[PDB]
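All remarks here apply to the structure that follows.
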Ligand code: BCL
Ligand code: BCL
Ligand code: BCL
Ligand code: BCL
Ligand code: BCL
Ligand code: BCL
Ligand code: BCL
Ligand code: BCL
Ligand code: HEM
Ligand code: HEM
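Residue numbers (the entry's author numbering), protein chains in the order written: chain 3, 4 to 41; chain 5, 4 to 41; chain 7, 4 to 41; chain 1, 4 to 41; chain 9, 4 to 41; chain C, 6 to 320; chain 6, 7 to 55; chain 4, 7 to 55; chain 2, 7 to 55; chain X, 1 to 26.
Right under this line is the structure:
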């Protein structure tokens, strides 16, 4: 087996959390939605 | 078994605590709720 | 057993002490209660 | 254990992810599409 | 026995001393009691 | 017919060549596609402005001036060629004077002619509620003339013939001008100000003194970093880093003239015997960032020969 | 591990099932409290607008 | 590994199949919720224009 | 490695064939989605001009 | 003639690599 299941789970979860945080911060700092006092 | 129960517990609890503190700090610094002297 | 009793008690006590200290300094520094000379 | 299949999946996935992130950032910072508040 | 007596004594004494010192410094530096030249 | 039977006949060895070829091709394609996209979607260069009278400032976008206010301008100009009441502009015809107030004084403030004096009669003085602003404008003009005739003249011609005008400081804002914004206070304490109490030909000298310590050096470093930020050229613009007290680069003297001029501005106009009264500029002390704003020559500085002869560096 | 159900025998020990039950109950209670708090906060001051 | 289907026996153990099922269900639920959230956000304020 | 075809037996094990198939399907789906997205973006705002 | 010469050289490269690869892998 080329890759362990554990490595796949860890990598996918880390990438997903990092991407979610990055997307939320980029959308918040853009000032295009009027969320949290404009 | 891929993941110990202890490892999952530790990761999930630490993530929850960090996210809760981050979210309270982001809400407090935004000045949109009038909480703790506006 | 997934967790030692001593580990749980130590972690809980340290977290409680840190949280109580943080909450008292945050409430003191906001200047919204008129405590210790306003 | 043979290394060719594995060393290839990792390199391809990493290159794809990095290039996608970089390209979205370059297009976003160019300001030529009127996306996310102009 | 989950905890030694000596460890409990050491931890409690250290915590009490640190808390007393911190409280004295904070109350002195607040300038609200008129102690040691106002 | 091969000399590499182990590479050209074995299935494993035969896949080396194809794998290497594909890897090289894909790397080249990735680099080419990314850079093509970057160079095709990136914007054009940010050009400069080419106003005949300014360096990097424009008054040309014109909607602050009322469409009706221009008419009374022409009506007054047709009425009388010569100025009835001029104290500072003693040597200009009303045509040139009007072309100068529309171009420079109002362009540098970005305000309508009603902001100063009354459209029905331009030459009346105390018949409207906006006369104090006109008095302040005259005092500001006299200050500009004084600054031009005493400190900018001493600078060599290699720097240029640029002269101070209204847009140099105000930069398109009537009131609310702010020296020391939050942007330029990056690594300094937010209460720090330029120390206009000292004697500048030898005020900030610290090298090999033996009577000072790291406190004075810290203050000097704060001042030097403010100078770095105001010009944007880094610490090597006025200094040779091998020996700071040296006088080689020839912008260390122009900086001396600037320091003396700023001290004169603070002592004469900002707070002459008290800022609360008998002082224009509303008690707002000056700074190097106020005029320069991150460039060697201020963007609002006027090119040589454009301001009126009374206010020019050579009258 | 005779208290673990048949489906989850290859994953759970006998001592970890109780801790898992405690964690699940705690998480459900926290979710209920969180939904109540969010409803109250929205009723106070909407953050979307 | 007698619960894994015939095709995936060389890849999956018997204890990892259940965790994989859990992960798949979680991902599908997250996808549905994200689709709903994106639809609501677009209905609120279009970001393309 | 009995499931691997005759041509590719010296290169593939029996467990990596399935992973390779999954990767190929994912690549084809991603290519289709990318083509659709590029066509929509071009219809919205041409970039070559 | 910048595009035409590039196209000619690239075509020559592709045809030559095809020919040599066919010679080697047969
Ligand atoms: C982080 C990701 C998770 C994971 C998430 C999933 C998900 C999610 C699924 C699977 C599924 C499968 N996974 Mg799994 N899986 C993980 C780890 C593994 C490991 C391992 C570590 O050893 C293995 C061997 C497998 C193997 C497998 C198979 C047993 C199974 C079926 C594959 C198949 O036939 O695909 C062949 C089919 C494809 C490759 C489809 C490709 C589709 C492309 C991407 C196009 C999609 C179109 C898009 C949805 C349309 C969008 C519309 C919008 C409106 C624009 N996974 C990791 C840890 N796996 C699937 C399953 O069990 O289904 C019942 C499934 O749904
Ligand atoms: C509001 C409109 C904004 C925007 C704001 C956001 C935000 C904000 C987010 C995304 C996210 C995503 N966006 Mg969007 N997005 C926009 C426009 C786009 C466009 C486009 C071309 O216009 C595209 C292609 C996308 C595409 C995407 C995906 C990459 C992703 C959602 C799908 C996914 O992977 O779900 C897969 C996700 C999951 C399976 C998550 C499942 C999570 C489960 C339910 C647990 C969650 C935590 C849980 C509650 C914690 C507490 C309990 C304890 C666990 C016990 N967006 C515009 C500009 N987008 C989301 C994302 O996932 O980013 C990484 C995200 O956070
Ligand atoms: C006021 C309105 C604010 C806001 C303020 C907050 C704050 C503040 C918090 C959240 C948190 C969360 N917010 Mg909210 N939130 C807003 C808008 C949103 C929106 C949205 C799209 O509008 C969404 C989707 C969310 C989503 C979420 C979740 C990620 C999370 C709550 C669910 C959860 O996981 O509970 C699961 C939570 C638990 C299972 C915790 C259980 C804890 C148990 C009960 C013990 C607690 C400690 C106890 C008192 C200690 C003493 C006893 C000793 C232990 C013995 N918020 C706006 C901007 N939100 C909370 C969170 O948990 O973040 C991580 C949080 O702290
Ligand atoms: C004044 C109003 C302030 C405020 C000021 C404080 C302060 C100050 C504190 C809290 C604390 C807490 N606040 Mg409050 N709090 C406010 C508003 C809120 C709101 C809200 C949404 O409005 C919420 C949800 C909370 C929630 C909470 C909890 C997290 C916590 C109390 C419960 C707990 O865990 O007890 C569990 C606590 C215990 C079991 C303590 C047991 C201690 C034992 C008895 C020993 C004590 C030491 C002893 C005297 C030492 C000497 C003797 C030697 C041992 C021999 N606060 C406002 C903003 N809050 C307290 C806390 O514990 O934070 C961690 C705290 O210190
Ligand atoms: C807007 C118009 C812009 C532009 C913006 C972009 C952007 C933005 C991107 C590209 C990307 C690419 N561009 Mg384009 N591009 C332009 C013009 C061009 C031109 C041209 C000559 O005009 C060319 C030849 C290309 C060529 C290309 C390719 C290199 C690539 C898309 C194909 C590909 O490799 O898919 C292969 C891709 C895959 C196989 C990915 C499959 C992914 C699967 C479906 C999973 C996705 C994540 C998933 C949702 C996560 C959540 C679930 C969890 C995984 C469980 N572009 C102009 C200038 N281009 C895209 C790219 O792929 O970059 C790496 C990209 O992001
Ligand atoms: C002056 C009014 C100030 C203030 C000033 C202080 C100061 C200053 C201190 C406290 C301390 C405490 N304060 Mg108070 N405090 C105020 C308001 C409050 C309020 C409140 C809600 O208003 C509360 C709840 C408290 C609560 C508390 C307790 C946590 C604690 C005292 C009890 C204790 O733990 O004794 C338990 C203490 C002991 C068991 C110590 C026993 C020591 C033995 C007797 C030996 C002493 C040393 C000895 C002389 C050394 C020489 C001999 C050699 C040993 C041989 N304070 C206001 C703001 N408070 C004290 C403390 O101990 O904090 C940790 C402390 O130092
Ligand atoms: C902005 C408007 C509101 C506000 C909006 C909200 C909203 C909305 C919510 C909260 C929530 C909470 N808020 Mg708030 N909040 C406000 C102001 C406050 C104030 C204050 C001083 O004013 C306080 C004290 C709090 C405190 C709290 C908590 C009670 C709670 C988040 C708990 C947490 O951390 O979960 C995350 C914590 C963890 C994951 C750690 C849990 C630790 C466990 C319980 C202990 C285990 C110990 C043992 C040894 C561990 C063993 C395993 C180890 C790995 C070894 N808020 C203001 C007034 N707040 C959330 C809530 O209700 O949660 C239930 C929520 O959704
Ligand atoms: C921090 C996380 C906790 C944890 C928290 C929970 C919680 C919480 C639950 C379980 C439950 C289960 N867990 Mg557990 N569990 C953990 C660790 C483990 C480990 C391990 C480490 O070895 C294992 C093997 C398991 C295994 C299992 C099963 C025994 C059991 C059923 C799973 C199932 O069928 O999912 C298949 C089903 C799904 C994957 C559901 C997916 C749903 C998606 C995400 C959509 C949700 C939509 C949302 C609810 C609606 C949103 C509404 C808003 C208003 C918008 N857990 C860790 C320690 N576990 C569940 C249980 O006992 O049920 C009776 C349960 O409720
Ligand atoms: C050009 C000669 C010139 C004019 C004209 C002018 C006008 C002017 C006015 C009308 C004000 C006051 C408006 C309000 O009520 O505050 C004002 C105030 C300030 N000025 Fe000035 N000014 C002219 C020239 C200059 C120059 C060259 C400088 C820079 C050295 C300068 C600076 C200032 C400052 C500072 C103020 C304070 C205004 C503030 O909002 O605090 N002026 N000027
Ligand atoms: C860059 C941040 C910077 C440093 C560092 C620096 C140093 C420095 C020293 C040590 C002195 C005094 C040394 C002595 O014994 O005379 C000094 C004095 C002056 N500097 Fe400076 N300097 C830095 C930056 C700059 C820049 C960018 C300029 C030009 C604007 C400049 C100019 C001057 C001037 C003028 C003096 C004379 C001070 C006085 O005579 O009181 N400095 N600098």
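Just so you know, even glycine gets a beta-carbon here, dropped at the ideal spot from N, CA and C.
In this structure, ligand 10 has no non-hydrogen atom nearer than 7 Å to the beta-carbon of residue 299 (chain C).
In its own chain, leaving out the 5 sequence neighbours on each side, no residue places its CB closer than 8 Å to the CB of residue 17 (chain 7). In this structure residue 15 (chain 4) is exposed. Its beta-carbon is surrounded by fewer than 16 other beta-carbon atoms within 10 angstroms. Within chain 4, 53 have C-beta atoms less than 7 Å from the C-beta of residue 39 (chain 1), given in sequence order. Residues of the same chain with a CB within less than 8 Å of the CB of residue 300 (chain C), apart from the 5 flanking positions on each side, are 61, 236, 237 in chain order.
Residue 10 (chain 1) and residue 24 (chain 1) have their C-alpha atoms roughly 22 Å apart. Counting only runs that start and end inside the region 119–171 of chain C, there is no beta strand (DSSP E) element of at least 3 residues. Listed along the chain, the chain 3 residues whose CB falls inside 7 Å of the CB of residue 8 (chain 1) are 5. Across the structure, residue 14 (chain 1) and residue 15 (chain C) are spaced so that their CA atoms are roughly 26 Å apart. The C-beta of residue 8 (chain 5) has 16 or more other C-beta atoms within 10 Å across all chains shown, which makes the residue buried.
Among the residues facing chain 4, residue 21 (chain 2) is included, as its CB has a counterpart in that chain under 8 Å away. Taking C-beta separations shorter than 8 Å and ignoring five residues to either side along the sequence, the partners of residue 31 (chain 1) in its chain run 38, 39, following chain order.
By alpha-carbon distance to residue 192 (chain C), the top candidate from 316 (chain C), 226 (chain C), 10 (chain C) is 226 (chain C). Note on the region 235–314 of chain C: whole alpha helix (DSSP H) runs with a minimum of 4 residues are 256–270, 293–296, in chain order.
Residues of the same chain with a CB within less than 6 Å of the CB of residue 197 (chain C), apart from the 5 flanking positions on each side, are 227 in chain order. Under the three-pair Cβ rule at 8 Å, the region 130–139 of chain C does not count as touching the region 247–255 of chain C. Note on geometry: alpha-carbon atoms of residue 5 (chain 7) and residue 38 (chain 6) lie some 27 Å from one another. Of all C-beta pairs linking the region 179–186 of chain C to the region 288–297 of chain C, three or more are shorter than 8 Å, placing the two stretches in contact. The C-alpha of residue 247 (chain C) is placed about 47 Å away from the C-alpha of residue 65 (chain C). With its beta carbon at least 8 Å from every one in chain 5, residue 19 (chain 7) lies outside the interface. Residues of chain 5 whose Cβ lies closer than 9 Å to the Cβ of residue 24 (chain 6) do not exist, since the nearest Cβ in that chain is about 11 Å away. Following the DSSP letters along the chain, one finds residue 19 (chain 1) inside the alpha helix (DSSP H) bounded by residues 7–33.
Residue pairing from DSSP places residue 59 (chain C) in a beta bridge opposite 307 (chain C). For the C-beta of residue 28 (chain 3), not a single chain 4 residue is nearer than 7 Å; the gap to the nearest is close to 16 Å. Residue side-chain check: residue 293 (chain C) keeps its Cβ at 7 Å or more from all non-hydrogen atoms of ligand 2. Neighbours of residue 35 (chain 5) in chain 6, taken as residues at a C-beta separation under 9 Å, are given in chain order as 51, 53. Under the three-state reduction of DSSP, residue 38 (chain 6) is assigned to helix.
Using a 10 angstroms sphere on the CB of residue 175 (chain C), the tally of other CB atoms reaches 16 or more, which defines it as buried. Of the candidates 121 (chain C), 57 (chain C), 154 (chain C), the residue whose Cα lies closest to the Cα of residue 168 (chain C) is 154 (chain C). Distances taken from the Cβ of residue 26 (chain 4) to the heavy atoms of ligand 1 include one shorter than 7 Å. Judged by DSSP secondary structure, residue 19 (chain X) falls within the alpha helix (DSSP H) whose first and last residues are 2–24. Taken from the Cβ of residue 23 (chain 3), at least one heavy atom of ligand 2 lies inside 7 Å. In the three-state DSSP reduction, residue 41 (chain 5) falls in the coil class, being neither helix nor strand.
Cβ proximity to chain X below 8 Å picks out 13, 19, 22, 23, 26 from the region 12–41 of chain C.
In this structure, residue 36 (chain 2) has its CB closer than 7 Å to one or more heavy atoms of ligand 1. Just so you know, the alpha carbons of residue 240 (chain C) and residue 12 (chain 9) end up roughly 58 Å apart.
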